[PDB]
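> Data file my_file21.cif (mmCIF, C-alpha atoms; chains and numbers go by the auth columns) is appended below.
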data_model
loop_
_atom_site.group_PDB
_atom_site.id
_atom_site.type_symbol
_atom_site.label_atom_id
_atom_site.label_comp_id
_atom_site.label_asym_id
_atom_site.label_seq_id
_atom_site.Cartn_x
_atom_site.Cartn_y
_atom_site.Cartn_z
_atom_site.B_iso_or_equiv
_atom_site.auth_seq_id
_atom_site.auth_asym_id
ATOM 1 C CA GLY A 1 -24.728 108.687 49.073 0.00 1 K
ATOM 2 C CA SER A 2 -25.935 106.807 51.123 0.00 2 K
ATOM 3 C CA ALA A 3 -28.283 105.276 49.818 0.00 3 K
ATOM 4 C CA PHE A 4 -31.679 105.049 48.006 0.00 4 K
ATOM 5 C CA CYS A 5 -31.268 102.474 45.175 0.00 5 K
ATOM 6 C CA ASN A 6 -33.820 99.640 45.070 0.00 6 K
ATOM 7 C CA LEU A 7 -31.546 97.012 43.386 0.00 7 K
ATOM 8 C CA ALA A 8 -34.564 94.633 43.094 0.00 8 K
ATOM 9 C CA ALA A 9 -36.322 97.322 40.912 0.00 9 K
ATOM 10 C CA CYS A 10 -33.128 97.672 38.766 0.00 10 K
ATOM 11 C CA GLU A 11 -32.627 93.853 38.290 0.00 11 K
ATOM 12 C CA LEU A 12 -36.195 93.500 36.830 0.00 12 K
ATOM 13 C CA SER A 13 -34.949 95.729 33.900 0.00 13 K
ATOM 14 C CA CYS A 14 -31.799 93.542 33.291 0.00 14 K
ATOM 15 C CA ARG A 15 -32.218 89.924 34.631 0.00 15 K
ATOM 16 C CA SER A 16 -34.567 88.695 31.811 0.00 16 K
ATOM 17 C CA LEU A 17 -32.011 89.957 29.173 0.00 17 K
ATOM 18 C CA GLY A 18 -29.148 87.671 30.387 0.00 18 K
ATOM 19 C CA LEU A 19 -27.157 90.393 32.276 0.00 19 K
ATOM 20 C CA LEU A 20 -26.849 91.893 35.820 0.00 20 K
ATOM 21 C CA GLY A 21 -28.502 95.102 37.113 0.00 21 K
ATOM 22 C CA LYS A 22 -26.077 97.851 38.301 0.00 22 K
ATOM 23 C CA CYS A 23 -26.845 101.029 40.309 0.00 23 K
ATOM 24 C CA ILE A 24 -24.393 103.802 41.336 0.00 24 K
ATOM 25 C CA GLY A 25 -25.563 107.253 42.590 0.00 25 K
ATOM 26 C CA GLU A 26 -29.233 106.086 42.220 0.00 26 K
ATOM 27 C CA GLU A 27 -28.596 105.620 38.412 0.00 27 K
ATOM 28 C CA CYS A 28 -29.780 102.152 37.166 0.00 28 K
ATOM 29 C CA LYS A 29 -28.047 100.460 34.163 0.00 29 K
ATOM 30 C CA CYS A 30 -26.935 96.900 33.267 0.00 30 K
ATOM 31 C CA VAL A 31 -23.313 95.545 33.111 0.00 31 K
ATOM 32 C CA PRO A 32 -21.350 95.209 29.755 0.00 32 K
ATOM 33 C CA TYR A 33 -20.497 91.509 30.533 0.00 33 K
#
Could you express the structure from this file as structure tokens?

Amino acid sequence: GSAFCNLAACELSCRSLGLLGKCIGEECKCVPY
């Protein structure tokens, strides 16, 4: 908090796989959906 996530640098690790990029506490993952 609060805050230093580049969501556009997280999405480029998720968006081509058919799921959404997620970041919480500067930790980038993708959603389970």
> Hey, what's within 12 Å of residue 15 in chain K if we count only C-alpha atoms and toss same-chain stuff fewer than 6 positions away? As a list in words, please?
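Neighbouring residues, sequence-local ones excluded: residues 7, 8, 9, 21, 22, 29, 30 and 31 of chain K.
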> CA of residue 16 in chain K and CA of residue 2 in chain K, how far apart in Å?
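Spanning CA of residue 2 in chain K to CA of residue 16 in chain K is a straight-line distance of 27.8 Å.
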> For the atom pair CA of residue 1 in chain K and CA of residue 24 in chain K, what is the interatomic distance in Å to one decimal place?
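These atoms are spaced 9.2 Å apart.
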> Can you tell me which residues surround residue 33 in chain K at a distance of at most 12 Å, considering only C-alpha atoms, apart from same-chain residues fewer than 4 positions away, and format the answer as a VMD selection string?
chain K and resid 14 17 to 22
> First collect every listed atom of range 1-8 of chain K; then fit an axis-aligned box around them, widen it by 8 Å on each side, and give centre and edge lengths in Å to one decimal, as JSON.

{"center_x": -29.6, "center_y": 101.7, "center_z": 47.1, "size_x": 25.8, "size_y": 30.1, "size_z": 24.0}
